[PDB]
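K.L.:
Before anything else, here's the structure in question.
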Amino acid sequence: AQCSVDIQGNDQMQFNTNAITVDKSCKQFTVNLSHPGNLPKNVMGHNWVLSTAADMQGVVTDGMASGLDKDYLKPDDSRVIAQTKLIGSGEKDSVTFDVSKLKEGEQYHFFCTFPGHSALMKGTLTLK
Ligand SMILES: [Cu+2]
């Protein structure tokens, strides 16, 4: 069984997927984020952040207020189920999280919190 996904965030402010499914039989799930392109992190940095859909807008708003020095994520945000760091182009970051943290009968979204990106870089995450 597959318990990981590889996702690209590129210089056109896009994730290459907007829907991720996690098999409920995985104990852990790994997101491998890569950022192809040629822009530095301070122009077009991308992260991958998972929260409930109801928490998403707040996560994003608080992350932009947190600023570039904090990867545009509030530190220790307890609305964040899992996150990569912010990466510039040519970089990669993976996050692994326990599938036991997703609730059956909750809605989840992933997104990038770099300012403005979540209009395009957002998607759903579901248990299969
Ligand atoms: Cu981004």
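Just remember, in the structure tokens the first chain shown is A, the second B, etc., residues are 1-based per chain, and ligands are 1-based in the order shown.
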Would you mind writing down, as a PyMOL selection string, each residue of region 14-128 of chain A that DSSP on the backbone assigns to alpha helix (DSSP H)?
P.N.:
chain A and resi 41-44+53-66
K.L.:
Could I get the residues of chain A with an atom no further than 9 Å from an atom of ligand 1, each paired with its nearest atom pair and that distance in Å to one decimal, using only C-alpha atoms and all ligand atoms, sorted by chain and residue number, as JSON lines?
P.N.:
```
{"residue": "A:9", "atom": "CA", "partner": "ligand 1", "partner_atom_place_in_ligand_line": "1 (Cu)", "distance": 6.8}
{"residue": "A:10", "atom": "CA", "partner": "ligand 1", "partner_atom_place_in_ligand_line": "1 (Cu)", "distance": 8.2}
{"residue": "A:11", "atom": "CA", "partner": "ligand 1", "partner_atom_place_in_ligand_line": "1 (Cu)", "distance": 8.7}
{"residue": "A:13", "atom": "CA", "partner": "ligand 1", "partner_atom_place_in_ligand_line": "1 (Cu)", "distance": 5.9}
{"residue": "A:14", "atom": "CA", "partner": "ligand 1", "partner_atom_place_in_ligand_line": "1 (Cu)", "distance": 7.5}
{"residue": "A:15", "atom": "CA", "partner": "ligand 1", "partner_atom_place_in_ligand_line": "1 (Cu)", "distance": 8.3}
{"residue": "A:44", "atom": "CA", "partner": "ligand 1", "partner_atom_place_in_ligand_line": "1 (Cu)", "distance": 6.2}
{"residue": "A:45", "atom": "CA", "partner": "ligand 1", "partner_atom_place_in_ligand_line": "1 (Cu)", "distance": 5.3}
{"residue": "A:46", "atom": "CA", "partner": "ligand 1", "partner_atom_place_in_ligand_line": "1 (Cu)", "distance": 3.3}
{"residue": "A:47", "atom": "CA", "partner": "ligand 1", "partner_atom_place_in_ligand_line": "1 (Cu)", "distance": 5.8}
{"residue": "A:48", "atom": "CA", "partner": "ligand 1", "partner_atom_place_in_ligand_line": "1 (Cu)", "distance": 8.0}
{"residue": "A:86", "atom": "CA", "partner": "ligand 1", "partner_atom_place_in_ligand_line": "1 (Cu)", "distance": 8.0}
{"residue": "A:87", "atom": "CA", "partner": "ligand 1", "partner_atom_place_in_ligand_line": "1 (Cu)", "distance": 8.6}
{"residue": "A:111", "atom": "CA", "partner": "ligand 1", "partner_atom_place_in_ligand_line": "1 (Cu)", "distance": 7.9}
{"residue": "A:112", "atom": "CA", "partner": "ligand 1", "partner_atom_place_in_ligand_line": "1 (Cu)", "distance": 4.6}
{"residue": "A:113", "atom": "CA", "partner": "ligand 1", "partner_atom_place_in_ligand_line": "1 (Cu)", "distance": 6.3}
{"residue": "A:114", "atom": "CA", "partner": "ligand 1", "partner_atom_place_in_ligand_line": "1 (Cu)", "distance": 5.0}
{"residue": "A:115", "atom": "CA", "partner": "ligand 1", "partner_atom_place_in_ligand_line": "1 (Cu)", "distance": 7.7}
{"residue": "A:116", "atom": "CA", "partner": "ligand 1", "partner_atom_place_in_ligand_line": "1 (Cu)", "distance": 8.0}
{"residue": "A:117", "atom": "CA", "partner": "ligand 1", "partner_atom_place_in_ligand_line": "1 (Cu)", "distance": 5.0}
{"residue": "A:118", "atom": "CA", "partner": "ligand 1", "partner_atom_place_in_ligand_line": "1 (Cu)", "distance": 7.1}
{"residue": "A:120", "atom": "CA", "partner": "ligand 1", "partner_atom_place_in_ligand_line": "1 (Cu)", "distance": 8.7}
{"residue": "A:121", "atom": "CA", "partner": "ligand 1", "partner_atom_place_in_ligand_line": "1 (Cu)", "distance": 6.5}
```
K.L.:
Between CA of residue 84 (chain A) and CA of residue 6 (chain A), what distance in Å does the model show, to one decimal?
P.N.:
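Calculated distance between CA of residue 84 (chain A) and CA of residue 6 (chain A) is 12.5 Å.
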K.L.:
Would you list the contacts of residue 30 (chain A) as a PyMOL selection string, taking every protein, DNA or RNA residue within 12 Å and counting only C-alpha atoms, but skipping same-chain residues closer than 5 positions in sequence?
P.N.:
chain A and resi 2-7+20-23+48+82-84+93-99
K.L.:
Which residue gives the smallest distance to residue 106 (chain A) among A:34, A:66, A:52, A:61, with only C-alpha atoms counted?
P.N.:
A:52
